[PDB]
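Residue numbers (the working numbering), protein chains in the order written: chain A, 4 to 480; chain B, -14 to 507; chain C, -14 to 507. Note that CB positions come from ideal geometry on N, CA and C, so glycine has one too. Step one of this worksheet: look at the structure below.
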Amino acid sequence: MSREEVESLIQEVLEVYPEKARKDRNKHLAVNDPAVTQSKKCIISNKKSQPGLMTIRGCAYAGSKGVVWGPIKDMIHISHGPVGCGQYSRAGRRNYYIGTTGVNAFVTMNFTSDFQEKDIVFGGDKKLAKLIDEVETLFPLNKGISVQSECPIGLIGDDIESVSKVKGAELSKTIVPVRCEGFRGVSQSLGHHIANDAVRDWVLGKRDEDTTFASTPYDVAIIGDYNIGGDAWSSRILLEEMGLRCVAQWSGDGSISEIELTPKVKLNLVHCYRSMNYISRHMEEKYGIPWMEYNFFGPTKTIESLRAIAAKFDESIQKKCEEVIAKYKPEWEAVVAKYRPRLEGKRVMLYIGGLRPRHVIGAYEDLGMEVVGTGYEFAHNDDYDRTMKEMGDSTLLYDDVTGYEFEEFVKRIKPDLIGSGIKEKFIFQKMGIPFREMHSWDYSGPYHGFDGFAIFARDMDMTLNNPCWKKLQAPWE
Amino acid sequence: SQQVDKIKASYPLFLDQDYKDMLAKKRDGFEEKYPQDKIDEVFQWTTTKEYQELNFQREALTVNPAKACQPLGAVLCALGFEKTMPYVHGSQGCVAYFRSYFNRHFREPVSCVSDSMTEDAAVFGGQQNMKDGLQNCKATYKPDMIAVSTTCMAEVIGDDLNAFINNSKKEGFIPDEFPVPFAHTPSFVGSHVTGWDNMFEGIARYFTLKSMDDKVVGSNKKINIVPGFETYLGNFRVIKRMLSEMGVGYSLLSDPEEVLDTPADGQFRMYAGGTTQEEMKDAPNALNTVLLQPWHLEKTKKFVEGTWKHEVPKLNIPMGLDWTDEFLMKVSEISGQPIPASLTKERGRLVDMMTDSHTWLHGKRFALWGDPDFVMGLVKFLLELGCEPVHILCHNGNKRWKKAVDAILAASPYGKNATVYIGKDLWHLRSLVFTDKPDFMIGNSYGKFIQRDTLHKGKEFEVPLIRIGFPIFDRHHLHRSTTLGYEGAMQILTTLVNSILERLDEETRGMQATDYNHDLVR
Amino acid sequence: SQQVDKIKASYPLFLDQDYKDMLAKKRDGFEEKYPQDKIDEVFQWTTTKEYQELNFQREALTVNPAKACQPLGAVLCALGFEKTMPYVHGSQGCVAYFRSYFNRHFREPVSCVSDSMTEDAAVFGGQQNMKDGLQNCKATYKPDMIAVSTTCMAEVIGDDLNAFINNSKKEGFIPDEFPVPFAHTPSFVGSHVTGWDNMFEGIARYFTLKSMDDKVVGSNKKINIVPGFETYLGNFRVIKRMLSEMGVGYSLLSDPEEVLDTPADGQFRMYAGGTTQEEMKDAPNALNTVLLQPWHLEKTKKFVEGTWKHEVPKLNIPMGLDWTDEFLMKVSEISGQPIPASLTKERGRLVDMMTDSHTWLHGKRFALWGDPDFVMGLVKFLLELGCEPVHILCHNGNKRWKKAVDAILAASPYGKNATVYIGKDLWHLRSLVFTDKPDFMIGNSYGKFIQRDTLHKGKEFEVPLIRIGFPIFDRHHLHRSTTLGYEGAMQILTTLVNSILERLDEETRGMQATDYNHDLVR
Ligand code: ICS
Ligand code: CLF
Ligand SMILES: [Ca+2]
Ligand SMILES: [Ca+2]
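Dropping the structure here:
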């Protein structure tokens, strides 16, 4: 389709909206022009959501507790407030870890204060202290406590910073109050910012005056990789076959000690720019640690990122990088040779949170699949600046798409595959259009590195070419 | 490394030697993990009887709850009606979590909208959010009704829903005749089952409060059925099939079975089936109203008795043999229709099934948890089978329900070692199953970790989990099962006896060690 | 020594130290047992490819067969008629074994009588025995019809059932109009399905051969349905339900569902329901005749086409998605009734489940066995689901059936690694699953032993069993399941996906070893 058909489709979709909502939504939709570098000329982003339009965004609590603070395993994460917020986000995210759950690891456990009506009226600052005492009593091997605020906490005026300071002074334990109320932000992105601020202000600077760690010129830290389905692991090995020593992971399969040891490294490899650029910039400003963005989706991007990371170091690291690339070359070549003929020419439409709508494009390109449309839920203008150089000409772009907009776009464009979250999976699976969960990898993976590319290709082939998509139309109709 | 012909996912790829070495290096160098001996000592300490005493003294800490917030049930009740859009007045994360929860449980699309309230709405209220959301929702998705619930933000702020909706209709955002029922569902009062009650009570008020003058009890010769918070489509289908066989004229209020199960035929249907507004308006003209789950439909019972003047019969949930018989007899008494032969034969088949499998169920010890009505029905059915529900738990339970369950237990020899707990979470149940080991567990998917905790101590201490309840995430299409009436009793009996036989087969499969008991006929 | 509070059955009582010592002393003193190292070596040798090569060279020895004798199917076919006592002309041990087999499967009373032929009957014959048996059976267990089958003994002696029954009627032993159909069912030819076919063909002959003059095809506006050898009541119920929903007039010419699921209401019923004699007499007047399992109904098809002049359609067993659609379309074409919207919605709901569960069923290797039609339908459904069969086995299958299955496999990209076997027992399947390991087995309870052997070699080599077929002895009430039509496809899909997920949960339950993939949501 050309730029003329796409704009007509955009206007036809927006015709049903009320005039104010129509004007607001016209700014968030655009047709990609790769020659444009300043996305603000085309797409507005990080704006509020129009009420009643069934958006797909989340809350700051999801961005902070669900995304950033959650994967930390050695800490205990209290969900201060009613039961629902903590209950719905429990173990819904596949941030893998290694530990004995309930003894030294607590990722898939729901700790909450369970506010009743007597706590909304009379406050909950004493309940929090009693809860901290009980947590210390029953879980002695925890290495810290993080109190994530839910919506009522800010509204009723509860002072959790004071409680955190007092109980940290008493128990000599790291207690981090996070003000990640759901109403504070328009989406999960402000949750990322709040969680990074809490990390910076309460955890990161503990070992500023400690020099007992044996630093090496090859120390690196993986930032913004939350180990979905093991993703971070598949990356970490690829960074240790080149001789680099990964000191910390943020935050999938991460521990409170790696976070404190992070300022003792020589380079920060940031995978998710959106959720961790806030702390990467702080570390660069304070400790002088440089940081760079790498992409491990697909063989091409992985090779380019490894070559760049090696170029950040001396000649031995570059030789090891070339050795690793040569070693892994036949493995991904076989996967491409097997699966590309089956997935050649297919058209994909993506809609994911803030990083993957542009990161996984390289993986689909390596299989001969064309992304005819991509968009984000809570990405800023930077993200679209990076995206416009990734998408082809005349491809659709959307921001904070609604159910109606996405459904109409899919019906007209008719993509061969759709990649989005659980809340859209069955909507497009009832339309006879194959769907892949690009958040949790559809309970598969990992997809990072050369080991994850085979799984990626296998999943895409098994979903697009499944024989279940030819049976929707009844033979007697 | 990956092989193009044998590709391994996260399991068992990370069991390779290189990944093991990498993880070991990570743990040794940077994690600063406690020594394995300390971890093993602490884990054994958690399984002792001393740890249970500390655990049950918890007063401010809740670990692994077994309940949700009211607006979840409110959203389900709103989905129960025809062309009804659930609209939650509050922040937008709540709606996303509700939709994710219901999609993961039912594996079907769930449609709900929000006002996307933010920091400006926290300071100046959310009236403009209400107006714009109502207008946008009516214009875009075109519902015949918008059912408004509230999060805990709107309740703490103190947003007056009635005032906001009235000011929205008079301003011209929505037509004055457009039905917009509302309900106040604070997430810090009760649980998800209470939200269903509040939403249904609000809808019934909106549709019947202003027109009770010309309503005569018995005009349409029908019976109203209020299911409650039900997460099994089979229960909705059986509660209608039994009445259809019985010949009774019935009107199922809040029926979401159709929208939560739609065909995959190339088109997406946002709305399907559901109770029509005519049925809600005509509800007061029914002979009587029956509440299938009376322990969370108390406010609805108050509204029906006080306003509709229907004398709601005091019935228990149709789970088991005796309570299903009581339900059928009460329905026959109310409608005057004799019980047909197609249900006596079904009852006889259920009794035959009970008699065939009594030698395996007798003396088995079960620990259960869930919703009050479901838990009490399951306890009654277990007592009817000769099983011992040693541990009974209900996080969202009250003391009257506990007293009723104790009365049920005392009326049977098998309810002798049973202990009912209210306000306790799943960590209390883990402590209970470690010290007083049952033979199985009956609950939702959250009980799997508890089983994993029991296996770590040892194979001889493992407590298998039987998945009956809500939510069930790690199994596919179990939401199509049935738990009400005779068919539900048959399915539950089959599941229990087959789980027992499967565990027995697993324990006796080691050749030349325990396989002497590996009987072909079991 | 058993404590009174905790009584132990054989397991784990025989795991006590004193019992272990007693068994060890018995083994050492007098068993002269081979050394354990030799046993392990022999086992490992049996788990090798060389042992498979030796195994497939078998010509006379059959180990662990997967079929039964004709009279079993004859008895099951006889049980499908109204007040028809299955009477077997032969030894009584047979009848006892048939009754025990059916009681262990269905867990319901089964009525079958024998004339108790003995060594005296070997030389003289079975005429007086036949007369006395007929008279006693009619006097004591009054039926309206008696079906006569034969064991091997009666076949070897070469009895003349027709002549014997005619003489019995002639010599004042039974009324000359009492219905006494008969069929020759040699146990050394074919299998139980062949016996069912012979019995049904004999009954149809007896009831229709001499009255074809006044039979007009289509004069009653009905479609005859011959279910064949079926062991699931759910299939009988679902076929009738679908035909009723379509509005088509049907006559199930074998309905043992009623007698095999009688209620337990304090009285014992020897007969219940079944096909009436009038339906059999009027069968030639039907619009057409549809065979649900066309493979083991060759003789019935020949009789129907030759005598009744009905044009039997070439329809596969209505298992899966495509063949059910073909069956529904053919029935609509024959009867003229349009396909209702309920069946379309059910097909859409099945496709929804297929789309939801497709990510777990894809690339799963299954080894199956059973009856020809059932195995063929299961293979077709597995190919439709994306699963790849590897070892398709059928002990009582013929070469034409193998050609048809190969044609089915070659039409899909998932039958690439599938190998069909005809005439191989479960020892061949044990060797196949040991050398070419599949993910799961799908069959009757006998494969229960195979899963044990594969466990002895190692946990990584275990092949879990899924019990879908006949007979099932170690699971209660699985005979009530459905395998035909859309409902039966939904149940099979649910069973398969839940078995896969249960195995995955078991494999990833080791704490801090493999529990990283112990996802809550799958
Ligand atoms: S953190 Fe972010 S929505 Fe960067 S909130 Fe979201 S595990 Fe997405 S596109 Mo779920 S900015 Fe991570 C994300 Fe991307 S939870 Fe995961 S998949 S790379
Ligand atoms: S934005 Fe929570 S789900 Fe809600 S009604 Fe309250 S208990 Fe229930 Fe974010 S912090 Fe949480 S998830 Fe929402 S409430 Fe706010
Ligand atoms: Ca679905
Ligand atoms: Ca029985």
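Residues that residue 461 of chain A contacts on chain B, provided the C-beta gap is smaller than 8 Å: Residues of chain B passing the Cβ test: -8.
message: Give me, in chain order, the residues of the same chain whose beta-carbon lies closer than 6 Å to that of residue 427 of chain C; leave out the 5 immediate sequence neighbours on both sides.
response: Answer for residue 427 of chain C: 351, 353, 451, 453, listed in chain order.
- prompt: Is there at least one Cβ from chain A nearer than 8 Å to residue 135 of chain B's Cβ?
  reply: No, residue 135 of chain B does not count as interfacial toward chain A.
- prompt: Would a C-beta distance cut-off of 8 Å place residue 176 of chain C and residue 136 of chain C closer than the cut-off?
  reply: Going by C-beta atoms, residue 176 of chain C is not nearer than 8 Å to residue 136 of chain C.
- prompt: Does the segment 284 to 297 of chain B touch the segment 220 to 229 of chain B, meaning 3 or more C-beta pairs lie closer than 8 Å?
  reply: Contact fails: fewer than three Cβ-Cβ distances are below 8 Å.
8 Å Cβ cutoff met for residue 378 of chain B and residue 406 of chain B: For residue 378 of chain B and residue 406 of chain B, yes; Cβs fall inside 8 Å.
task: Run the proximity test for residue 427 of chain A: is its beta-carbon closer than 7 Å to any non-hydrogen atom belonging to ligand 3?
output: Every heavy atom of ligand 3 is 7 Å or more from the Cβ of residue 427 of chain A, so no.
task: Buried or exposed for residue 116 of chain C, please, with buried defined as at least 16 other CB atoms from any protein chain shown within 10 angstroms of its CB.
output: Buried, because 16 or more other Cβ atoms sit within 10 Å of the Cβ of residue 116 of chain C.
- request: Could you give the DSSP three-state label for residue 112 of chain C: helix, strand or coil?
  value: DSSP places residue 112 of chain C in helix when its eight states are reduced to three.
- prompt: According to the neighbour-count rule (16 or more other Cβ atoms, all chains shown, within 10 Å of its Cβ), is residue 77 of chain B buried or exposed?
  reply: Classification for residue 77 of chain B: buried.
field: Proximity test, Cβ basis, 8 Å: residue 497 of chain C and chain A
entry: Interface flag for residue 497 of chain C against chain A is set, since a Cβ pair is found closer than 8 Å.
task: Kindly indicate the opening and closing residues of the beta strand (DSSP E) around residue 438 of chain A.
output: For residue 438 of chain A, the enclosing beta strand (DSSP E) starts and ends at 438 to 440.
query: Applying a beta-carbon distance threshold of less than 8 Å, which residues of chain A neighbour residue 371 of chain C?
result: Near residue 371 of chain C (Cβ distances below 8 Å), the residues of chain A are 465, 469, 470, 471.
task: Output yes if chain A places a C-beta closer than 8 Å to the C-beta of residue 19 of chain B; else output no.
output: Using a Cβ-Cβ cut-off of 8 Å, residue 19 of chain B counts as an interface residue toward chain A, since at least one Cβ of chain A sits closer than that to its own.
task: Taking 8 Å as the cut-off, decide whether the C-beta atoms of residue 241 of chain A and residue 309 of chain A are in contact.
output: Their beta carbons are under 8 Å apart, which means residue 241 of chain A touches residue 309 of chain A by this criterion.
- prompt: Would you say the beta carbon of residue 92 of chain C comes nearer than 7 Å to a heavy atom of ligand 4?
  reply: Checking the Cβ of residue 92 of chain C against ligand 4 gives yes.
message: Assess contact between the segment 208 to 215 of chain B and the segment 411 to 427 of chain B, defined as three or more Cβ pairs (one per stretch) separated by less than 8 Å. Is contact present?
response: They do not touch, by the three-pair rule.
field: Start-to-end residues for the beta strand (DSSP E) that takes in residue 72 of chain C
entry: Taken as a continuous stretch (DSSP letters only), the beta strand (DSSP E) holding residue 72 of chain C covers 69 to 74.
query: Between the C-alpha atoms of residue 455 of chain B and residue 52 of chain B, what's the straight-line distance to the nearest angstrom?
result: Cα to Cα, the separation comes out at about 9 Å.
message: So, with DSSP's three-state summary, where would you put residue 40 of chain A?
response: Here residue 40 of chain A sits in coil by DSSP.
message: Does the beta-carbon of residue 165 of chain A, which I'm using as the reference point, lie nearer than 7 Å to any heavy atom of ligand 1?
response: Not under cutoff, so the answer is no.
query: Closest Cβ-Cβ distance between residue 314 of chain C and chain A: below 8 Å?
result: With 8 Å as the cut-off, residue 314 of chain C counts as an interface residue toward chain A.
query: Taking 7 Å as the cut-off, is the CB of residue 341 of chain B close to at least one heavy atom of ligand 4?
result: At least one heavy atom of ligand 4 is nearer than 7 Å to the Cβ of residue 341 of chain B, so yes.
query: In terms of residue numbering, what span does the beta strand (DSSP E) encompassing residue 252 of chain A cover?
result: Counting along the chain, the beta strand (DSSP E) containing residue 252 of chain A begins and ends at 248 to 254.
task: Pull every residue with its beta-carbon under 5 Å away from any heavy atom of ligand 1, and keep them in chain order.
output: Here the list is A:70, A:191, A:229, A:275, A:277, A:278, A:355, A:356, A:357, A:358, A:359, A:442.
Residue from A:269, A:245, A:243, A:282 with nearest C-alpha to residue 253 of chain A: Nearest neighbour of residue 253 of chain A by Cα position, chosen from A:269, A:245, A:243, A:282, turns out to be A:282.
message: For a cutoff of 8 Å on Cβ pairs, would you count residue 3 of chain B as touching chain A?
response: Among the CB atoms of chain A, one or more fall inside 8 Å of the CB of residue 3 of chain B.
field: Host beta strand (DSSP E) of residue 228 of chain A (start-end)
entry: Residues 222 to 228.
query: Can we count residue 337 of chain C as close to ligand 3, meaning its CB is less than 7 Å from some heavy atom?
result: Yes, the beta carbon of residue 337 of chain C sits closer than 7 Å to at least one heavy atom of ligand 3.
query: Since residue 440 of chain B meets chain C, which of its residues come closer than 7 Å, beta carbon to beta carbon?
result: Those are 494, listed as they occur along chain C.
task: Assign residue 123 of chain C to one of two classes, buried (16 or more other C-beta atoms within 10 Å of its C-beta) or exposed (fewer than that).
output: With 16 or more other Cβ atoms within 10 Å, it is buried.
field: Cβ shell of residue 128 of chain C (< 8 Å), same chain only, five flanking positions each side left out
entry: Sequence-distant Cβ neighbours of residue 128 of chain C in its own chain, meaning closer than 8 Å and more than five residues away, are 68, 69, 70, 122, 256.
query: Is it the case that the CB of residue 4 of chain A approaches a heavy atom of ligand 2 more closely than 7 Å?
result: The answer is no for residue 4 of chain A.
message: Please tell me whether, using a cut-off of 7 Å, the distance from the CB of residue 88 of chain A to the nearest non-hydrogen atom of ligand 2 is below it.
response: For ligand 2, at least one heavy atom lies less than 7 Å from the Cβ of residue 88 of chain A.
message: Given 7 Å as the limit, tell me if residue 136 of chain B has its C-beta closer than that to any heavy atom belonging to ligand 2.
response: In terms of side-chain proximity, the C-beta atom of residue 136 of chain B is found nearer than 7 Å to a non-hydrogen atom of ligand 2.
- prompt: Whose Cβ in chain B lies nearer than 8 Å to the Cβ of residue 100 of chain C?
  reply: Within chain B, no residue comes near residue 100 of chain C; the closest Cβ sits about 28 Å away, beyond 8 Å.
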